[PDB]
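Every chain is numbered from 1, with letters handed out A, B, ... down the list of sequences.
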Amino acid sequence: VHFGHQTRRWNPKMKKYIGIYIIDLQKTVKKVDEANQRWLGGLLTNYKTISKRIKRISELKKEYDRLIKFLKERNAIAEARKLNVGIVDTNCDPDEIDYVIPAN
Amino acid sequence: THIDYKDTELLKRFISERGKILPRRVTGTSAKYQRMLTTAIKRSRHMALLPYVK
Amino acid sequence: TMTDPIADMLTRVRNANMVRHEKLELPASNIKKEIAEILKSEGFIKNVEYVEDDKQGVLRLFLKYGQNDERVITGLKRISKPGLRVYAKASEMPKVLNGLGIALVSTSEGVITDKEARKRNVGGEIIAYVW
Amino acid sequence: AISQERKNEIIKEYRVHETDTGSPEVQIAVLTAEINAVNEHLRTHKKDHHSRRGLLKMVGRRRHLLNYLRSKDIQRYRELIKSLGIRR
Amino acid sequence: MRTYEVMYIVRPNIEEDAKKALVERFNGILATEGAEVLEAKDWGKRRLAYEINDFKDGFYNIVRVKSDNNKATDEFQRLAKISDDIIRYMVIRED
RNA sequence: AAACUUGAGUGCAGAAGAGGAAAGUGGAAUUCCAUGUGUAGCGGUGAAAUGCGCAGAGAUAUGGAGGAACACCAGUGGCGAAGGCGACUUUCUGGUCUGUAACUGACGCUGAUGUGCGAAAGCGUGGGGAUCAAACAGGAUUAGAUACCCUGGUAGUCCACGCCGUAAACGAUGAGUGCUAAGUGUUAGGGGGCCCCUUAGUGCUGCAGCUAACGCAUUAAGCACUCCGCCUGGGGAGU
RNA sequence: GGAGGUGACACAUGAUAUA
RNA sequence: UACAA
Ligand SMILES: [Mg+2]
Ligand SMILES: [Mg+2]
Ligand SMILES: [Mg+2]
Ligand SMILES: [Mg+2]
Ligand SMILES: [Mg+2]
Ligand SMILES: [Mg+2]
Ligand SMILES: [Mg+2]
Ligand SMILES: [Mg+2]
Ligand SMILES: [Mg+2]
Ligand SMILES: [Mg+2]
Ligand SMILES: [Mg+2]
Ligand SMILES: [Mg+2]
Ligand SMILES: [Mg+2]
C-alpha cells in the first residue's frame, strides 16, 4: 500500500510524501493517526434537490433500480472544498486535502 | 567509425530495390549516422559503385 | 547585463515568497547583507546565513510563513533605481502601508528603516519598501 | 583564416609574460592577423557578405580592447600601436 | 598537411600494355610539387552500376596523396578532363 | 587609488552544421533536332473548340544540343542577425556549441545620429533562353466575361556587374541580465553507473502568475533592473 | 480524441427611418 | 406604420 504511480506522471507536490515512486510508509503511519458508484453532481451542494430524490427513493421500479445503485472524485472535493481526510496518491493533489494520507 | 563510400556492400543495405536511400525511421539508424550514410551513397553513385535508379 | 543587484535580491525574495519556498540563496554584497539583517530584525524573514566562497560570498535567507501558511512578506518594491535615484529628507520620510510596512533607507549612519531615520533625524536614499 | 602554428608565433611575440594568452596585447595582435587574413579573402571574394560580417565583429572587438588598453596604461598602448600597422 | 584519396576509372577496351603508360604517368602527375604518393592501388574490372560513355566496366584506380598545396591534384583533374582514357574521377580530402 | 574573478574576452581539448564566396563533376526529367519502326489521330475540357497531324503527327527506340533545377535522403531536423541556405568535389572563409580553468582582470549592456546587409517584383549594361509565364492573340463560358478554363506566347524567370531598399521582411512578440512547479519528444555534446545526472538548441503539454478574452507559461505574454524604437479615436492619409 | 506539417456547366439583384 | 418609386 506504498507503491505509487509511475514517475512520468507523479505530481511535484508529493515529493515529501515520495522506476516508479514508493510512498512514505513511515510518514503515513504518523498521518493515519491524525486522520462505489458514480458521484452525482451536486450531491452535497444541491441537497435541496437530491434529498427529494432521496425521499422519493424511500417512497417506479425502473427509477428505483438506478436510484438504489446511485443513492476520480474531483466532483466531490469541489462540493466540499467550496464548503470550507482521504488517501492521496502521488498523482493526486495534496494541497486540497485537510487530512492527507500519503499511502498508495 | 566513419562510413566509406568504397564499401558498397555496407551501403547496399541502406538503399531500396529502386536504388533510393532508405529513410532512417525504416532502417533504425541514428540521425548523425544517416547523414554520413547519405554522403557516402551519393559519393558512391558518382563513382558508379552504386546505381542512381535501377 | 545585471544592472541592479539590489532589485535582483528583492525580486528573488518576491519570487521565492510567491511559491512559498523555505529558503533561497543569492550572491552576497555588503548592502544585501545589511538589507537582509533588517528584514530579520523587523520580523519579515526568519534567518540570514553568510556562506564564504572564493568569488563574492553567498547569502542564505529563510522565509517566514504564519499560521495557515500565510506569507509574512506581502510585497517588495524597489524605490531608488539606477535610471532614477530617489532621495528623501528626515522631514519627508515616507511611511509604508500607514506604518504597517517599512522603508529601507541608506543614510550616512548606515542602512536603517524609515521609523529609525526619523528618530535619528537623517535622510538618504530610499532603497525599497517592504510590507 | 590563420593556423594554430601562426597563432602561437604571434602569442609568443606579444605576450607580456610567460604563460600569458589573455592580455590585450596578445588578443589585439592575434585579432590583427585574423583581420588582415579575412581582408585578403575578401579581396577576391567581394560578394562574401557573411564572412565580412565576422570581420566587422573582429574589428569591433579589437577596437574595444585597444580602448581598454589605452585608458589603463597609455605607454603599453602606444608601444603596441607602432608594433602592428595600426593607427589609433 | 593534407591527405587526398584520388580515384579514377579507365575505359575497359584499352590495350593492356598501354594502361601502364598512363597509370605510371597519372601517378607521376599526382606526385609533382611536393606530393609524395602515400599509396597506389589497382582495382580490377568492375561492373559499373550504370553505363558511362556507353561503357559497362572500368579499371578502378586509387591513389593516396600527401601534399600541402593541392596544385598536384589540380593538375590531375585538369589532365583527366581532356583525356579520353579516363572516364570518371573524384578527389577526396581524407583528412 | 588598490585588490578580485563570478560578467566579458583569450588559450587549450573535442564536436556538429542546406552558414557564405569561387571553380569543377554528375544522374533523372522538360523542350528542340536527327534517324529507324510504324499509322490515323494526338492534345485538351464540365462539355468543347482553338492548335498540331497523312508533306507521316502523337507513340516507340537510339543519338545529339541546350538551359534550368537537384527525386530518394528529408525529420515542429540542421545552419544563419535577418533576408535566407538542400546533388556531389575541391579551394578560400564566418559563426555557434561542449569540456577545461592557462591567461587578462569589468575590458560589459544598449544604442539617437551613422554605416551596412536585405525575399520577390522592377531598372541599366551585357550574355543566355530549356521550362514556366504578366502583357498579348486565338478558343471557350456568360445577359455581358477586358476573368476564372483551354491552345499559344513576349518581358521576365537564369548568369555577371551596378541600382532599387520594399513585403502578412510574422513568433504580427526589440536587445541584455537574473529569478520562478512539473511531464514528455527531438538535435549537438559532456559526466557516471541501456539507464541516471548535466550543458546548449528545438517542439508539445501543463502549475503559480499574468490576460479583456483568446491564450502565454524556464524558448513568458510571469516576477524584476538597464538601454533603444514606437502609440495616443476613425476617415482625410502614409495623402 | 485533440493539435501542428503534407498532399487533394451555370446561380445577378433586392430603396429610408422605424423592428 | 410613415415614407420613397
Ligand atoms: Mg577547437
Ligand atoms: Mg560548433
Ligand atoms: Mg549593441
Ligand atoms: Mg537607427
Ligand atoms: Mg529578381
Ligand atoms: Mg495561359
Ligand atoms: Mg534581366
Ligand atoms: Mg544582383
Ligand atoms: Mg510592425
Ligand atoms: Mg525581454
Ligand atoms: Mg527573461
Ligand atoms: Mg501552455
Ligand atoms: Mg529546453
Side-chain angles (χ1 to χ4, degrees), chain B residues 1-6 8-54, chain E residues 2-4 6-14 19 22-23 26-27 30 37-66 70 73 76-80 83-93:
Chain B
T1 328
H2 255 334
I3 307 179
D4 229 354
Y5 75 94
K6 272 122 75 164
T8 165
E9 275 286 89
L10 158 110
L11 287 188
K12 259 183 219 90
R13 284 137 38 61
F14 300 103
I15 78 182
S16 92
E17 302 272 18
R18 312 297 299 271
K20 301 171 115 212
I21 309 183
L22 280 171
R24 103 176 161 106
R25 56 161 169 80
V26 156
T27 61
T29 69
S30 79
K32 74 170 317 184
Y33 190 73
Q34 180 76 10
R35 288 197 298 283
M36 278 155 12
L37 219 44
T38 298
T39 310
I41 291 180
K42 275 151 182 193
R43 268 156 176 206
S44 146
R45 270 157 173 177
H46 172 242
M47 281 334 274
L49 296 167
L50 277 167
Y52 282 93
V53 174
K54 40 153 262 305
Chain E
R2 304 161 145 130
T3 289
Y4 300 101
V6 188
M7 179 175 288
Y8 52 98
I9 314 179
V10 173
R11 70 188 138 97
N13 55 6
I14 188 177
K19 186 219 296 326
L22 57 166
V23 185
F26 265 105
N27 291 33
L30 269 169
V37 165
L38 298 189
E39 175 191 3
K41 280 230 325 173
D42 178 88
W43 286 4
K45 206 64 57 86
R46 289 179 86 102
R47 174 64 37 123
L48 315 171
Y50 51 82
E51 287 170 40
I52 298 174
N53 288 337
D54 269 34
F55 279 135
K56 265 89 163 40
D57 310 68
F59 292 93
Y60 282 61
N61 293 98
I62 289 109
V63 180
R64 306 248 317 298
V65 201
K66 178 29 195 191
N70 96 92
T73 355
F76 173 92
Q77 285 198 128
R78 180 193 54 112
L79 293 173
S83 126
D84 67 331
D85 300 14
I86 301 200
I87 47 157
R88 182 69 51 93
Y89 62 99
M90 161 159 105
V91 176
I92 293 283
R93 200 137 172 290

- Query: How long is the span from the CG atom in B:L49 to the CE atom in E:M7, to the nearest 0.5 Å?
  - Reply: 6.0 Å
- Item | Taking every non-hydrogen atom, the tightest pair across E:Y50 and B:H46 | OH-O, 3.3 Å
- Query: Between E:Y8 and B:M47, is any pair of side-chain heavy atoms under 4.5 Å apart?
  - Reply: no
- Interchain contact, E:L48 with chain B, by part (heavy-atom threshold 4.5 Å): both
- Can you name the nearest heavy-atom pair linking E:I62 to B:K6, along with the distance? CG2-NZ, 4.2 Å
- Query: Considering residues at least two apart in sequence or located in another chain, which fulfil the side-chain contact (heavy atoms from CB on, under 4.5 Å) criterion with B:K54?
  - Reply: B:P51
